[PDB]
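A.B. asks: Got a structure here, written out as structure tokens. Questions coming.
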Amino acid sequence: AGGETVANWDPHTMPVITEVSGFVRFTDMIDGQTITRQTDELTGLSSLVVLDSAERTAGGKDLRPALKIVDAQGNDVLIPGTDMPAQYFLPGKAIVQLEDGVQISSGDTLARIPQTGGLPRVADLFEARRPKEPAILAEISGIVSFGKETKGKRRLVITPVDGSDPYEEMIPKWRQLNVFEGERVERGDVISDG
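With the entry's author numbering applied, the sequence shown corresponds to residues 1012 to 1126, 1135 to 1213, in that order.
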């Protein structure tokens, strides 16, 4: 009916959400290397925050902190259809409020990541100029993954299901990205908004 609200969301932070049910298990989340306990003074609540690669020590840079969704016996639960382990990797500045070994169901939030006109506009539109921060898309479909870190700029690798494996692209690590190495990306998908 008219005036009914059908969707609501919090734009301040983007959540990272599990796809399967089970138990949350920490991985590579060592305090002092990849995560830290940050406490809010105005509220008193403390949370685990994932460290940035530059801020980490030598050992922490190679580590990949993440959360696994394992069954009762300790076996990793595969995502249905994909047949891929449901290990969700937490990037830098990610806030984790889920205790180790706690029971979880599919769909629960695992983590949180903080977040012209006139005549010149028409002139630039007809000149087909490129914006200052162009949006990033995927050239070819398939799975995606990370690559070399801080080699001038970060790298990304696209592996098609039945295509050219060695394809790669360069993405600077100084721009807030929204790529998902654990999720398949189509060629009609965005990487950095804008």
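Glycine included, every Cβ here is placed at the ideal spot set by N, Cα and C.
Drop a sphere of 10 angstroms on the beta-carbon of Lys1151, count the other beta-carbons inside from all chains shown, and report buried for 16 or more, exposed for fewer.
C.D. replies: Numbered from its first residue, the sequence shown carries residue 1151 at position 132. Exposed: under 16 other Cβ atoms inside 10 Å.
A.B. asks: By the three-class DSSP mapping on this structure, what secondary structure does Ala1154 have?
C.D. replies: The count along the sequence shown starts at 1 and reaches residue 1154 at position 135. Note: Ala1154 maps to coil in three-state DSSP.
A.B. asks: Can the beta-carbon of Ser1032 be found less than 8 Å from the beta-carbon of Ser1164?
C.D. replies: Counting from 1 along the sequence shown, the entry for residue 1032 is found at position 21. Counting from 1 along the sequence shown, the entry for residue 1164 is found at position 145. Contact flag unset, no.
A.B. asks: Reducing DSSP to helix, strand and coil, say where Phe1034 ends up.
C.D. replies: By 1-based counting over the sequence shown, the position of residue 1034 is 23. Three-state DSSP puts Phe1034 in a strand.
A.B. asks: Using C-beta distances below 7 Å, list every residue in its chain close to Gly1182, excluding the 5 sequence neighbours before and after it, in chain order.
C.D. replies: Position 163 of the sequence shown, counted from the first residue, corresponds to residue 1182. Excluding sequence neighbours, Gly1182 sits near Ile1159, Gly1161.
A.B. asks: Considering only the beta carbon of each residue, do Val1107 and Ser1058 sit closer than 8 Å?
C.D. replies: Along the sequence shown, read from residue 1 onward, the residue named residue 1107 stands at position 96. Along the sequence shown, read from residue 1 onward, the residue named residue 1058 stands at position 47. Yes. Within cutoff.
A.B. asks: Output the boundary residues of the alpha helix (DSSP H) element that contains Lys1072.
C.D. replies: As a first step, residue 1072 must be located in the sequence shown, where it is residue number 61. For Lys1072, the enclosing alpha helix (DSSP H) starts and ends at 1069 to 1073.
A.B. asks: Thinking C-alpha only, which one of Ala1012, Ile1155, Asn1086 is nearest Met1095?
C.D. replies: Here the question's residue 1095 lines up with position 84 in the sequence shown. Closest by alpha carbon: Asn1086.
A.B. asks: Could you check if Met1189 is buried or exposed, using at least 16 other CB atoms within 10 Å of its CB as the buried criterion?
C.D. replies: Taking the sequence shown and counting its residues from 1, one reaches residue 1189 at position 170. Classification of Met1189: exposed, given that the 10 Å Cβ count is below 16.
A.B. asks: Three-state secondary structure (DSSP) at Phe1199?
C.D. replies: On the sequence shown, position 180 is the one that residue 1199 refers to. In the structure shown, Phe1199 sits in coil (DSSP, three-state: anything other than H, G, I, E or B).
A.B. asks: Count the other CB atoms, across all protein chains shown, that sit within 10 Å of the CB of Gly1201; report buried if there are 16 or more and exposed otherwise.
C.D. replies: The residue given as residue 1201 occupies position 182 in the sequence shown. Buried, since its Cβ has 16 or more Cβ neighbours within 10 Å.
A.B. asks: Quick one: using the 10 Å Cβ neighbour count with 16 as the cut-off for buried, is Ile1041 buried or exposed?
C.D. replies: As a working note, residue 1041 is residue 30 in the sequence shown. Answer is exposed; the Cβ neighbour count stays below 16.
A.B. asks: Helix, strand or coil for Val1204 per DSSP?
C.D. replies: Numbered from 1 along the sequence shown, position 185 holds the residue referred to as residue 1204. Strand, per DSSP.
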